[PDB]
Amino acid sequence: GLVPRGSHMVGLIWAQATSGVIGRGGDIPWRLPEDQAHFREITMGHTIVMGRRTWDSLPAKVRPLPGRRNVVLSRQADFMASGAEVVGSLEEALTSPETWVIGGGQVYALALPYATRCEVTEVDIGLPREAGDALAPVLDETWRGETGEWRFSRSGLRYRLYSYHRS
């Protein structure tokens, strides 16, 4: 369903291991080129919001991510994010009619209360939670959605898509 242009739809999009781990050591601890396609179709043409550490983690060749207004949250007023804009709190990050929050653990948690969509890729990889991991936010009982079927990636890694929504 289309978003009325006077409203403010906030979505979260992430990929996680079964354990909920999304990030470790400044990176994502798997590679899934198929997940990149889904990420692009959801976010293309909209504003994307990310934490400063997620900006740092982006491959240099796609930083800023093309075809999307890139917004970076930082408390560092002098932060350099070429091709993007830096905001110092959530207030001015969510003023577009459609915004996708693209990570990381801190900024998913910050934006979750305002979100009405989550697009979640689950990767069937056994990565037990460790000290310092970035984690998927916990979804409360207001959320509902659909669980997709497992598929193998070319590499043999298994993954499936969840699409969640709430009012």
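Think of the rigid core as the biggest set of C-alphas that the two forms share within 1.5 Å after superposition. A residue's number is simply how far along the shown sequence it sits, counting from 1.
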Stretch farther from shown form by Cα RMS in 9 other deposited structures of this protein, picked from 30 to 38 and 57 to 65 after core fit, is 57 to 65
So which moves more in 9 other deposited structures of this protein by CA, 138 to 146 or 101 to 109, given a superposition on the core? 138 to 146
Please work out which of 93 to 101 and 75 to 83 has the higher mean CA B-factor as recorded in the PDB entry. 75 to 83
Out of 153 to 161 and 9 to 17, which one has CA B-factors that are higher on average in the deposited record? 153 to 161
Can you tell me which of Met44, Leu139, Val107, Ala134 has the highest Cα temperature factor in the record? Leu139
Going by the entry, which of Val62, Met50, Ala115, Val123 has the most elevated CA B factor? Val62
If you rank the chain by CA B-factor, which third does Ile28 end up in: lowest, middle or highest? middle
